[PDB]
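**Student:** Contents of upload-v1.tsv (TSV, C-alpha atoms and all ligand atoms) are below:
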chain	number	residue	atom	x	y	z
A	1	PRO	CA	0.21	36.57	1.45
A	2	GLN	CA	-1.28	33.72	-0.59
A	3	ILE	CA	0.84	31.91	-3.19
A	4	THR	CA	-0.82	29.82	-5.87
A	5	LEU	CA	1.07	26.89	-7.37
A	6	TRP	CA	0.65	27.45	-11.12
A	7	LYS	CA	4.36	28.30	-11.09
A	8	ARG	CA	7.24	27.43	-8.81
A	9	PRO	CA	6.75	29.17	-5.40
A	10	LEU	CA	9.96	31.20	-5.57
A	11	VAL	CA	10.60	34.01	-3.08
A	12	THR	CA	13.53	36.23	-2.16
A	13	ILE	CA	15.44	35.31	0.98
A	14	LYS	CA	18.18	37.10	2.90
A	15	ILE	CA	20.94	34.96	4.43
A	16	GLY	CA	24.52	35.75	5.36
A	17	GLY	CA	24.17	39.29	4.07
A	18	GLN	CA	23.08	38.06	0.64
A	19	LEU	CA	19.79	37.99	-1.25
A	20	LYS	CA	18.83	34.79	-3.06
A	21	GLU	CA	15.82	33.11	-4.66
A	22	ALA	CA	14.48	30.01	-2.91
A	23	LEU	CA	11.58	27.58	-3.21
A	24	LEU	CA	8.95	27.38	-0.48
A	25	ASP	CA	9.05	23.57	-0.31
A	26	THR	CA	6.58	21.65	1.88
A	27	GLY	CA	8.26	18.41	0.79
A	28	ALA	CA	11.63	19.46	2.23
A	29	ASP	CA	12.20	18.53	5.88
A	30	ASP	CA	15.32	20.72	5.90
A	31	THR	CA	16.46	23.92	4.21
A	32	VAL	CA	19.08	23.38	1.49
A	33	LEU	CA	20.90	26.27	-0.18
A	34	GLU	CA	23.33	26.54	-3.07
A	35	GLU	CA	27.03	26.63	-2.31
A	36	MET	CA	27.98	29.69	-0.29
A	37	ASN	CA	30.92	30.42	1.99
A	38	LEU	CA	29.19	31.01	5.32
A	39	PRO	CA	31.37	31.68	8.37
A	40	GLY	CA	31.52	29.47	11.42
A	41	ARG	CA	31.61	25.80	12.24
A	42	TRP	CA	29.53	23.16	10.46
A	43	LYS	CA	28.86	19.42	10.47
A	44	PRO	CA	28.88	17.07	7.46
A	45	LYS	CA	25.52	15.63	6.42
A	46	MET	CA	23.99	13.72	3.52
A	47	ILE	CA	20.43	14.24	2.26
A	48	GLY	CA	18.58	12.17	-0.30
A	49	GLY	CA	15.86	12.67	-2.85
A	50	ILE	CA	15.08	11.65	-6.38
A	51	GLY	CA	18.32	10.43	-7.93
A	52	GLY	CA	20.15	9.75	-4.67
A	53	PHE	CA	22.09	11.66	-2.03
A	54	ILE	CA	24.28	14.76	-1.98
A	55	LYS	CA	26.86	15.89	0.55
A	56	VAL	CA	26.08	19.13	2.39
A	57	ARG	CA	27.45	21.27	5.21
A	58	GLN	CA	25.09	21.77	8.16
A	59	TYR	CA	25.10	25.23	9.76
A	60	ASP	CA	23.04	25.80	12.91
A	61	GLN	CA	21.38	28.96	14.24
A	62	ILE	CA	21.50	30.79	10.90
A	63	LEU	CA	19.32	33.87	10.43
A	64	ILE	CA	17.19	33.84	7.28
A	65	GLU	CA	14.60	36.43	6.27
A	66	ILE	CA	11.84	35.14	3.96
A	67	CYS	CA	9.48	37.69	2.39
A	68	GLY	CA	10.20	39.97	5.33
A	69	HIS	CA	9.50	37.20	7.86
A	70	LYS	CA	12.51	36.51	10.07
A	71	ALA	CA	13.52	32.97	10.98
A	72	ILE	CA	16.50	31.26	12.57
A	73	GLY	CA	17.47	27.62	12.30
A	74	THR	CA	19.51	25.00	10.53
A	75	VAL	CA	20.62	25.54	6.94
A	76	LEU	CA	22.30	22.91	4.77
A	77	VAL	CA	24.75	24.17	2.13
A	78	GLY	CA	25.95	22.13	-0.81
A	79	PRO	CA	25.72	21.41	-4.55
A	80	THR	CA	21.94	21.47	-4.67
A	81	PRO	CA	20.42	22.43	-8.06
A	82	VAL	CA	17.90	24.74	-6.32
A	83	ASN	CA	17.54	26.67	-3.08
A	84	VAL	CA	14.71	25.15	-1.01
A	85	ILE	CA	13.16	26.52	2.18
A	86	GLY	CA	12.14	23.51	4.24
A	87	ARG	CA	9.57	22.92	6.94
A	88	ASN	CA	12.04	23.76	9.71
A	89	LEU	CA	11.81	27.40	8.57
A	90	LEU	CA	8.35	27.38	6.95
A	91	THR	CA	6.78	26.73	10.36
A	92	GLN	CA	8.64	29.71	11.78
A	93	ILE	CA	7.06	32.11	9.27
A	94	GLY	CA	3.55	30.73	9.80
A	95	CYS	CA	3.24	28.97	6.43
A	96	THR	CA	0.35	26.56	5.85
A	97	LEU	CA	-1.11	24.55	3.00
A	98	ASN	CA	-4.75	25.33	2.28
A	99	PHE	CA	-7.37	23.70	0.07
N	1	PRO	CA	-8.33	21.95	5.34
N	2	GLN	CA	-5.53	24.16	6.65
N	3	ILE	CA	-2.36	22.11	7.15
N	4	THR	CA	0.56	23.24	9.30
N	5	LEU	CA	4.08	22.01	8.65
N	6	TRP	CA	5.43	20.89	12.03
N	7	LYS	CA	5.19	17.39	10.56
N	8	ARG	CA	5.24	16.10	7.01
N	9	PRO	CA	2.03	17.04	5.12
N	10	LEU	CA	1.07	13.42	4.47
N	11	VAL	CA	-2.40	12.60	3.16
N	12	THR	CA	-4.31	9.59	1.90
N	13	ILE	CA	-4.78	9.34	-1.86
N	14	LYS	CA	-6.79	7.00	-4.08
N	15	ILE	CA	-5.37	5.90	-7.44
N	16	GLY	CA	-6.23	2.91	-9.59
N	17	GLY	CA	-8.82	2.09	-6.94
N	18	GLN	CA	-6.12	1.64	-4.27
N	19	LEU	CA	-5.44	3.75	-1.19
N	20	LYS	CA	-1.95	5.11	-0.54
N	21	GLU	CA	-0.18	7.75	1.54
N	22	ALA	CA	1.49	10.66	-0.25
N	23	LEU	CA	3.36	13.85	0.59
N	24	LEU	CA	2.03	17.25	-0.49
N	25	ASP	CA	5.19	18.65	-2.08
N	26	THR	CA	5.13	22.25	-3.33
N	27	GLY	CA	8.76	21.88	-4.45
N	28	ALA	CA	7.80	19.17	-6.95
N	29	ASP	CA	6.63	20.20	-10.42
N	30	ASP	CA	5.29	16.69	-11.03
N	31	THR	CA	3.55	13.93	-9.10
N	32	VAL	CA	5.80	10.89	-8.60
N	33	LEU	CA	4.67	7.63	-7.00
N	34	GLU	CA	6.60	4.55	-5.94
N	35	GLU	CA	6.51	1.45	-8.12
N	36	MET	CA	2.96	0.19	-8.62
N	37	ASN	CA	0.70	-1.40	-11.21
N	38	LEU	CA	-1.46	1.13	-13.05
N	39	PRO	CA	-3.84	0.37	-15.94
N	40	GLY	CA	-3.46	2.15	-19.25
N	41	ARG	CA	-0.69	3.06	-21.64
N	42	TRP	CA	2.49	4.75	-20.41
N	43	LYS	CA	5.60	6.31	-21.90
N	44	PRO	CA	9.16	6.26	-20.50
N	45	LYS	CA	10.30	9.60	-19.10
N	46	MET	CA	13.22	11.02	-17.14
N	47	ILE	CA	12.94	13.38	-14.16
N	48	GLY	CA	15.65	15.00	-12.07
N	49	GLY	CA	15.76	15.56	-8.33
N	50	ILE	CA	18.30	16.78	-5.80
N	51	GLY	CA	20.56	13.78	-6.42
N	52	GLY	CA	20.29	13.27	-10.18
N	53	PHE	CA	17.94	11.77	-12.73
N	54	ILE	CA	15.75	8.67	-12.59
N	55	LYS	CA	13.69	6.76	-15.14
N	56	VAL	CA	9.92	6.79	-14.62
N	57	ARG	CA	6.78	5.61	-16.37
N	58	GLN	CA	4.49	8.48	-17.36
N	59	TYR	CA	0.73	7.93	-17.11
N	60	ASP	CA	-1.45	10.69	-18.55
N	61	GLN	CA	-4.98	11.69	-17.57
N	62	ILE	CA	-5.09	9.45	-14.47
N	63	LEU	CA	-7.89	9.82	-11.95
N	64	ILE	CA	-6.51	10.46	-8.46
N	65	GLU	CA	-8.33	11.64	-5.34
N	66	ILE	CA	-6.27	13.61	-2.82
N	67	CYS	CA	-7.73	14.04	0.67
N	68	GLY	CA	-11.22	13.75	-0.79
N	69	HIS	CA	-10.49	16.11	-3.71
N	70	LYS	CA	-10.54	14.73	-7.24
N	71	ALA	CA	-7.86	15.39	-9.84
N	72	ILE	CA	-7.13	14.02	-13.31
N	73	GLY	CA	-3.59	14.50	-14.53
N	74	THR	CA	-0.13	13.13	-15.14
N	75	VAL	CA	1.31	10.64	-12.65
N	76	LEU	CA	4.92	9.47	-12.82
N	77	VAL	CA	5.80	6.03	-11.44
N	78	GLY	CA	9.35	5.07	-10.55
N	79	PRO	CA	12.02	4.70	-7.84
N	80	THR	CA	11.15	7.85	-5.93
N	81	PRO	CA	12.07	7.79	-2.22
N	82	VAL	CA	8.45	8.62	-1.29
N	83	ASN	CA	5.08	9.24	-2.93
N	84	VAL	CA	4.84	12.97	-3.69
N	85	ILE	CA	1.94	15.05	-4.97
N	86	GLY	CA	3.40	17.81	-7.13
N	87	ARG	CA	2.07	21.14	-8.33
N	88	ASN	CA	0.40	19.65	-11.42
N	89	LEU	CA	-2.20	18.11	-9.08
N	90	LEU	CA	-1.99	20.55	-6.16
N	91	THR	CA	-3.33	23.26	-8.46
N	92	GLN	CA	-6.25	21.02	-9.44
N	93	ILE	CA	-7.41	20.59	-5.83
N	94	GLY	CA	-7.07	24.33	-5.23
N	95	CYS	CA	-4.05	24.14	-2.94
N	96	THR	CA	-2.22	27.36	-2.01
N	97	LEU	CA	0.57	28.39	0.33
N	98	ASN	CA	-0.40	30.96	2.95
N	99	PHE	CA	1.58	32.89	5.56
A	101	LIG	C1	18.85	23.09	-12.39
A	101	LIG	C2	18.40	21.63	-12.72
A	101	LIG	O1	17.40	21.24	-11.83
A	101	LIG	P1	17.07	19.62	-11.68
A	101	LIG	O2	16.05	19.21	-12.67
A	101	LIG	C3	16.44	19.31	-9.97
A	101	LIG	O3	15.81	20.49	-9.52
A	101	LIG	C4	15.10	20.33	-8.29
A	101	LIG	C5	13.81	21.07	-8.08
A	101	LIG	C6	13.05	20.89	-6.76
A	101	LIG	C7	13.62	19.99	-5.68
A	101	LIG	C8	12.84	19.79	-4.32
A	101	LIG	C9	12.20	18.38	-4.37
A	101	LIG	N1	11.43	18.32	-5.58
A	101	LIG	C10	11.58	17.21	-6.56
A	101	LIG	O4	12.35	16.32	-6.40
A	101	LIG	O5	10.71	17.30	-7.68
A	101	LIG	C11	10.93	16.44	-8.82
A	101	LIG	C12	9.43	15.90	-9.27
A	101	LIG	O6	8.86	16.98	-9.82
A	101	LIG	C13	10.02	17.74	-10.52
A	101	LIG	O7	9.99	18.96	-10.24
A	101	LIG	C14	11.41	19.35	-9.47
A	101	LIG	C15	12.22	18.31	-9.57
A	101	LIG	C16	11.35	17.11	-9.88
A	101	LIG	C17	11.25	18.14	-3.17
A	101	LIG	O8	10.37	19.16	-3.05
A	101	LIG	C18	12.10	18.04	-1.86
A	101	LIG	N2	12.97	16.82	-1.93
A	101	LIG	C19	12.58	15.64	-1.12
A	101	LIG	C20	11.41	14.89	-1.80
A	101	LIG	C21	11.94	14.09	-3.00
A	101	LIG	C22	10.93	14.15	-4.18
A	101	LIG	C23	10.70	13.98	-0.75
A	101	LIG	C24	11.63	12.91	-0.18
A	101	LIG	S1	14.66	17.13	-1.95
A	101	LIG	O9	15.02	18.29	-2.79
A	101	LIG	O10	15.40	16.00	-2.52
A	101	LIG	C25	15.08	17.39	-0.19
A	101	LIG	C26	15.02	18.79	0.42
A	101	LIG	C27	15.36	18.95	1.90
A	101	LIG	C28	15.74	17.71	2.75
A	101	LIG	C29	15.79	16.37	2.15
A	101	LIG	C30	15.45	16.17	0.65
A	101	LIG	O11	16.17	15.43	3.16
A	101	LIG	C31	16.18	16.12	4.33
A	101	LIG	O12	16.06	17.60	4.00
A	101	LIG	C32	14.92	19.25	-5.89
A	101	LIG	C33	15.67	19.42	-7.21
A	101	LIG	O13	18.47	18.74	-11.90
A	101	LIG	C34	18.37	17.33	-11.95
A	101	LIG	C35	19.75	16.70	-11.79
Take the structure in the file and give it back as structure tokens.
Ligand SMILES: CCOP(=O)(COc1ccc(C[C@H](NC(=O)O[C@H]2CO[C@H]3OCC[C@H]32)[C@H](O)CN(CC(CC)CC)S(=O)(=O)c2ccc3c(c2)OCO3)cc1)OCC
**Tutor:**
Amino acid sequence: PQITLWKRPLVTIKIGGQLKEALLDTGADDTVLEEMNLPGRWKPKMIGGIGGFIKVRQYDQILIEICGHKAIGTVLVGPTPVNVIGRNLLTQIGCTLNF
Amino acid sequence: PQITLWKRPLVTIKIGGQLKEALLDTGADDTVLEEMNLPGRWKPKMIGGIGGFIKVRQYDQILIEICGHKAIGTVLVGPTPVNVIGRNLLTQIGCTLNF
């Protein structure tokens, strides 16, 4: 589809057997999701933006479905104020910017 | 143009007569630039990102050209980690997400 940017580009995602709302974020290198108790091993990471850095858990090879488009890659989990789908997954679903 | 997301969607912008590089950031409501001198009145504002809140200077009705497309809108100036073009200006240049 085509998503205009009058409002936040929020979509439903499926991850870890759960549905959530997440931002299609071209400014996010990585995908960052609200706290959730995913199974498996993880690695500590810190990511920064406006206001500073937060601590997150890095999970690799996680399956996410975005608007019916399947993707698999790294997902960071932590106390982020919003779920953001980053470029690592946006490329996998064929997402472009157009003007 | 159509812009893929394998790398950061960085583009050249023109503001206050000066050229800069900025990130097209669909996850940003607002446009936030690194510290710079801009002519005209401004008001102090606060904006929040993934790591907390920062203090910025708000400039209204500023001319800014983004990849050869003109916009006139609000530009926030402060200690952002990178120059970001937010949805307030992306809508003006007709930018959409497509997959
Ligand atoms: C419930 C209350 O919410 P809230 O207000 C905050 O909510 C939000 C809403 C959207 C975002 C997304 C963020 N947008 C943003 O900052 O926009 C601000 C300007 O316009 C306003 O619009 C929204 C906030 C304001 C960027 O799109 C992406 N970011 C990097 C970007 C920085 C600008 C470029 C470096 S990033 O998230 O940091 C990040 C993601 C993956 C990574 C990474 C860093 O590093 C590797 O991988 C983040 C928090 O709380 C305040 C305490």
**Student:** Using Å and a single decimal, report how far atom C11 of ligand LIG 101 (chain A) sits from CA of residue 49 in chain A.
**Tutor:**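 Atom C11 of ligand LIG 101 (chain A) lies 8.6 Å from CA of residue 49 in chain A.
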**Student:** Check which residues fall inside 7 Å of ligand LIG 101 (chain A) when counting only C-alpha atoms and all ligand atoms, and print them as number ranges by chain.
**Tutor:** A: 25-32, 47-50, 81-82, 84, 86; N: 25-32, 47-53, 80-82, 84, 86
**Student:** Which residues are near residue 64 in chain N? Cut-off 9 Å, all atoms listed in the file, ignore same chain within fewer than 5 positions. Put them as an NGL selection string.
**Tutor:** :N and (13-17 or 69-73 or 75 or 89)
**Student:** What's around residue 10 in chain A at 6 Å? Count all atoms listed in the file, leave out sequence neighbours fewer than 2 positions away in its own chain, and write the answer as a PyMOL selection string.
**Tutor:** chain A and resi 8+22-23
**Student:** Excluding residue 4 in chain N and its own-chain neighbours fewer than 4 positions away, which residues fall within 7 Å of it when counting all atoms listed in the file? Please give them as a list in words.
**Tutor:**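 Returned residues: residues 95, 96 and 97 of chain A.
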**Student:** What does the distance between CA of residue 57 in chain A and CA of residue 42 in chain A come to in Å, to one decimal place?
**Tutor:**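 Answer for the CA of residue 57 in chain A to CA of residue 42 in chain A separation: 6.0 Å.
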**Student:** If I only have part of range 8-42 of chain N, can you fill in N, CA and C atoms and write it as an mmCIF file, in the coordinates of the input?
**Tutor:**
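Output file part.cif is given in full below:
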data_model
loop_
_atom_site.group_PDB
_atom_site.id
_atom_site.type_symbol
_atom_site.label_atom_id
_atom_site.label_comp_id
_atom_site.auth_asym_id
_atom_site.auth_seq_id
_atom_site.Cartn_x
_atom_site.Cartn_y
_atom_site.Cartn_z
ATOM 1 N N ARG N 8 5.365 16.243 8.453
ATOM 2 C CA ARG N 8 5.240 16.100 7.010
ATOM 3 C C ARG N 8 3.771 16.196 6.608
ATOM 4 N N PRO N 9 3.430 16.984 5.577
ATOM 5 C CA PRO N 9 2.030 17.040 5.120
ATOM 6 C C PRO N 9 1.627 15.796 4.349
ATOM 7 N N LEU N 10 1.472 14.685 5.066
ATOM 8 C CA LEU N 10 1.070 13.420 4.470
ATOM 9 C C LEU N 10 -0.446 13.298 4.442
ATOM 10 N N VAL N 11 -0.971 12.789 3.328
ATOM 11 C CA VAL N 11 -2.400 12.600 3.160
ATOM 12 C C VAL N 11 -2.656 11.280 2.452
ATOM 13 N N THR N 12 -3.881 10.791 2.597
ATOM 14 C CA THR N 12 -4.310 9.590 1.900
ATOM 15 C C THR N 12 -4.782 9.953 0.503
ATOM 16 N N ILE N 13 -4.376 9.149 -0.474
ATOM 17 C CA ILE N 13 -4.780 9.340 -1.860
ATOM 18 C C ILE N 13 -5.401 8.038 -2.349
ATOM 19 N N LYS N 14 -6.184 8.151 -3.419
ATOM 20 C CA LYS N 14 -6.790 7.000 -4.080
ATOM 21 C C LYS N 14 -6.411 7.045 -5.552
ATOM 22 N N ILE N 15 -5.800 5.972 -6.045
ATOM 23 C CA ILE N 15 -5.370 5.900 -7.440
ATOM 24 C C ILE N 15 -5.463 4.457 -7.895
ATOM 25 N N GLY N 16 -5.979 4.256 -9.106
ATOM 26 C CA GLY N 16 -6.230 2.910 -9.590
ATOM 27 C C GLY N 16 -7.127 2.099 -8.689
ATOM 28 N N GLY N 17 -7.964 2.758 -7.890
ATOM 29 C CA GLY N 17 -8.820 2.090 -6.940
ATOM 30 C C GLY N 17 -8.161 1.726 -5.626
ATOM 31 N N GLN N 18 -6.878 2.034 -5.451
ATOM 32 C CA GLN N 18 -6.120 1.640 -4.270
ATOM 33 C C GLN N 18 -5.777 2.860 -3.430
ATOM 34 N N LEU N 19 -5.802 2.687 -2.112
ATOM 35 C CA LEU N 19 -5.440 3.750 -1.190
ATOM 36 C C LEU N 19 -3.936 3.743 -0.929
ATOM 37 N N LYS N 20 -3.362 4.938 -0.825
ATOM 38 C CA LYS N 20 -1.950 5.110 -0.540
ATOM 39 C C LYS N 20 -1.767 6.382 0.279
ATOM 40 N N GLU N 21 -0.577 6.532 0.848
ATOM 41 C CA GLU N 21 -0.180 7.750 1.540
ATOM 42 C C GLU N 21 0.813 8.509 0.671
ATOM 43 N N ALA N 22 0.643 9.827 0.593
ATOM 44 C CA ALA N 22 1.490 10.660 -0.250
ATOM 45 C C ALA N 22 1.773 11.987 0.437
ATOM 46 N N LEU N 23 2.883 12.597 0.032
ATOM 47 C CA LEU N 23 3.360 13.850 0.590
ATOM 48 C C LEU N 23 2.980 15.012 -0.325
ATOM 49 N N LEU N 24 2.310 16.020 0.237
ATOM 50 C CA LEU N 24 2.030 17.250 -0.490
ATOM 51 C C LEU N 24 3.319 18.057 -0.601
ATOM 52 N N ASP N 25 3.814 18.233 -1.826
ATOM 53 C CA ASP N 25 5.190 18.650 -2.080
ATOM 54 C C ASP N 25 5.221 19.849 -3.032
ATOM 55 N N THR N 26 5.186 21.067 -2.483
ATOM 56 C CA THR N 26 5.130 22.250 -3.330
ATOM 57 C C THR N 26 6.428 22.464 -4.115
ATOM 58 N N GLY N 27 7.524 21.831 -3.699
ATOM 59 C CA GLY N 27 8.760 21.880 -4.450
ATOM 60 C C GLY N 27 8.853 20.919 -5.609
ATOM 61 N N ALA N 28 7.820 20.115 -5.842
ATOM 62 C CA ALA N 28 7.800 19.170 -6.950
ATOM 63 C C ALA N 28 6.901 19.696 -8.057
ATOM 64 N N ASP N 29 7.459 19.847 -9.264
ATOM 65 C CA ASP N 29 6.630 20.200 -10.420
ATOM 66 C C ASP N 29 5.626 19.099 -10.722
ATOM 67 N N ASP N 30 6.044 17.845 -10.573
ATOM 68 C CA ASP N 30 5.290 16.690 -11.030
ATOM 69 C C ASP N 30 4.945 15.795 -9.851
ATOM 70 N N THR N 31 3.958 14.932 -10.074
ATOM 71 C CA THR N 31 3.550 13.930 -9.100
ATOM 72 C C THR N 31 4.274 12.620 -9.418
ATOM 73 N N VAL N 32 4.949 12.058 -8.416
ATOM 74 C CA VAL N 32 5.800 10.890 -8.600
ATOM 75 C C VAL N 32 5.480 9.877 -7.516
ATOM 76 N N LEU N 33 5.050 8.689 -7.923
ATOM 77 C CA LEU N 33 4.670 7.630 -7.000
ATOM 78 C C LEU N 33 5.651 6.472 -7.090
ATOM 79 N N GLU N 34 5.775 5.746 -5.983
ATOM 80 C CA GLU N 34 6.600 4.550 -5.940
ATOM 81 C C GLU N 34 6.033 3.479 -6.864
ATOM 82 N N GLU N 35 6.870 2.486 -7.161
ATOM 83 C CA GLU N 35 6.510 1.450 -8.120
ATOM 84 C C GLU N 35 5.161 0.833 -7.775
ATOM 85 N N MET N 36 4.296 0.749 -8.780
ATOM 86 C CA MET N 36 2.960 0.190 -8.620
ATOM 87 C C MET N 36 2.432 -0.198 -9.986
ATOM 88 N N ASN N 37 1.385 -1.017 -9.981
ATOM 89 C CA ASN N 37 0.700 -1.400 -11.210
ATOM 90 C C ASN N 37 -0.446 -0.428 -11.463
ATOM 91 N N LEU N 38 -0.410 0.235 -12.617
ATOM 92 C CA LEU N 38 -1.460 1.130 -13.050
ATOM 93 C C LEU N 38 -1.991 0.703 -14.409
ATOM 94 N N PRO N 39 -3.306 0.704 -14.615
ATOM 95 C CA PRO N 39 -3.840 0.370 -15.940
ATOM 96 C C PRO N 39 -3.705 1.529 -16.913
ATOM 97 N N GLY N 40 -3.553 1.180 -18.182
ATOM 98 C CA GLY N 40 -3.460 2.150 -19.250
ATOM 99 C C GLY N 40 -2.050 2.241 -19.817
ATOM 100 N N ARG N 41 -1.965 2.878 -20.980
ATOM 101 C CA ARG N 41 -0.690 3.060 -21.640
ATOM 102 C C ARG N 41 0.204 4.001 -20.828
ATOM 103 N N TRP N 42 1.510 3.876 -21.050
ATOM 104 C CA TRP N 42 2.490 4.750 -20.410
ATOM 105 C C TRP N 42 3.656 4.943 -21.364
#
